[PDB]
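Participant: Partial complex follows, first chain(s) only, in situ:
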Amino acid sequence: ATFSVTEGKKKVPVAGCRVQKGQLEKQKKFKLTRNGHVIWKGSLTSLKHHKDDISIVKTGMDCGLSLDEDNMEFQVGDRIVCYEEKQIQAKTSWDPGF
Amino acid sequence: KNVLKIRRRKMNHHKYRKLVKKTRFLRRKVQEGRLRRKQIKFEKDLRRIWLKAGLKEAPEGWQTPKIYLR
C-alpha cells in the first residue's frame, strides 16, 4: 500500500512493504524493481515502522519506505531489492604469458 | 597639455586604495606576525654579541625592550 503522510507541510509518499526474504538495513543501499526493471538506485530518506524508527527490519516485518527522490512513483506491485556494496581490489587483466 | 599620464596613475591609486579596504583585516594579521619576527631577529643579533664576546648570559639587569610596539 502507498500512503501520503503530511509532516512539516510536506506530502511524503510512503511505500508500505512486506519483507519476504532477508532483511532491510537503513545503511545498506537500495534499488527499486518494477516487474524485473530497475527503476531507482539510492538510499531511503526515512525508515519508519509502526510509528517507530527501526534500523533493521527482519523477515516478515512490515515497514513503510520513503525515498529521497520525489519523482519515483510507487505502485501496488513494485519490488525492492536491498544490497550491500563493498569495494574489491581489482587486478590487472593483462597476463604476460608466464 | 593633456592628463593622459595622470589618468593612468589616477586608476592605479584608486584600485590600490580599494584593495586595501577589502583586505584590511588580513593585512592587520600579517603585519602583526611580521613584527614578531622583526623583534625576534633583533633579540638574536644582541644575543650574538655577548655570545661572541665570551659571555654566557646577558649582562645583569638587562632586558631587551619591545621596540616594535604601539
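Facilitator: Great, that's in hand. Numbering: from 1, shown residues only, chains lettered A, B, ... in the order given.
Participant: tell me how far the longest helix along chain B is from the chain's mean position?
Facilitator: Under DSSP state H, the helix in chain B containing the largest number of residues is helix B:24-51. Averaging C-alpha coordinates over helix B:24-51 and over its chain gives two centres that are 8 Å apart (Cα atoms, centre = their mean, to the nearest Å).
Participant: who does whichever helix or strand residue B:5 is part of touch, helix- and strand-wise?
Facilitator: If you go by DSSP states H and E, residue B:5 is part of helix B:4-20. With contacts taken as 3 or more Cβ pairs under 8 Å, 6 or more residues apart in numbering or on different chains; DSSP states H and E, helix B:4-20 sits against no other helix or strand. Using the backbone N, CA and C atoms, a C-beta is placed for each residue, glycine as well.
Participant: Append RNA strand C to the structure above:
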RNA sequence: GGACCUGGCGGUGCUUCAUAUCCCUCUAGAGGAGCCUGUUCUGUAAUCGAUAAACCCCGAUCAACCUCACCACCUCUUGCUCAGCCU
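Facilitator: Let me add RNA strand C to what's already shown:
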C-alpha cells in the same frame, strides 16, 4: 611621449541669415476607412536587381502564352554564330 599642421567634429561662441525654409505663421494634403499598387516578412517545386537621406507605380513609357532569366519533366551535342554562358 612632447610640440605643431591640416581636416573633420563639437548637446562650441559672436554676428548675420534662411522665403516655401530651420521653427512659428498661410493653403491643400498623409497617417484613420475601402480599393489600386510596390516592398518586406511568411508561403510555394518555382527568378534577379534597387533597398537611410540618394530604395519602395524604382529597372518596367509595364509579366495571360511570348516576354523569361525561374521550377518540374523530356530531349540535343562543333551546337543561329570560325561556338556558347542572364555563371
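Participant: so which helix or strand takes in residue B:1?
Facilitator: Applying DSSP H and E as the criterion places residue B:1 outside every helix and strand.
Participant: Contacts only, for it.
Facilitator: With contact taken as Cβ atoms under 8 Å, 6 or more residues apart in numbering or on different chains, residue B:1 is in contact with no other residue.
Participant: Tell me how far it lies from residue A:85.
Facilitator: From residue B:1 over to residue A:85 the distance is 77 Å, taken as Cβ to Cβ, to the nearest Å.
Participant: now for RNA strand D:
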RNA sequence: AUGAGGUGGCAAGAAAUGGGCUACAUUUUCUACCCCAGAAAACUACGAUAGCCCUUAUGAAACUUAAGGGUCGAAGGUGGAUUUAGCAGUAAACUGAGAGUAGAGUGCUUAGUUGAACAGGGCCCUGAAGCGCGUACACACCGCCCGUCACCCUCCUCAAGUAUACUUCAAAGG
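Facilitator: Just below you will find RNA strand D, in place on the chains above:
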C-alpha cells in the same frame, strides 16, 4: 553542360508598411444646361474602379486582361504620435492627349482651363556663411576611450604548519 531547345506550371496572402485613387457629402447628390433651373437629402440618402453574375473587345487561348450592364449598398461620419509639397497664373480643383501593347495601369510623360491665402516676426531646433575657440577623433562622433565580472596563457608576491639543505663556531680556553 553553369550551354541550347521543347511541354506544363507558379508568381499567393495570417500580417506589417510606403505611395496613390476614391470617399465620408450640402461650397453636396442626380438630371437639363454649360453657369438666372427643377428635384434629392440618412437604415431604398452620400459612398466601391471591390465582390458576385452575364455580355462584349483583343487574342490561337481570358473565372482570369480591359470596357460596359445588372445585382449588391460594407467600412467610413474627417483621422494618434508624427509628417509632405508649394511664393502666382503657383498650390488646389477640373478636363484632354500621347508613348508603349495584339490587348492591358487608379501609373508615367505632357497640353490647357478656372483660380487662391500668408508673406510678417523671431533666433532652440534642421542648415548655411564669415570671424573665432577647443579637440586623446583621422575607418574621422555610427569617432575615440575607462572600470567591474570569464575561459586560456605568462610572471611575481604574501603566507599557516612542516620538511630538507646550506652557512657559522676552536680567530677559544684550561
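Participant: Quick check: buried residues in the longest helix of chain B?
Facilitator: By neighbour count with 16 or more other Cβ atoms under 10 Å in any protein chain shown, helix B:24-51 contains no buried residues.
Participant: Also stretch A:39-51?
Facilitator: Of all the residues in stretch A:39-51, those buried under the rule 16+ other Cβ under 10 Å are A:39, A:40, A:44, A:47, A:48.
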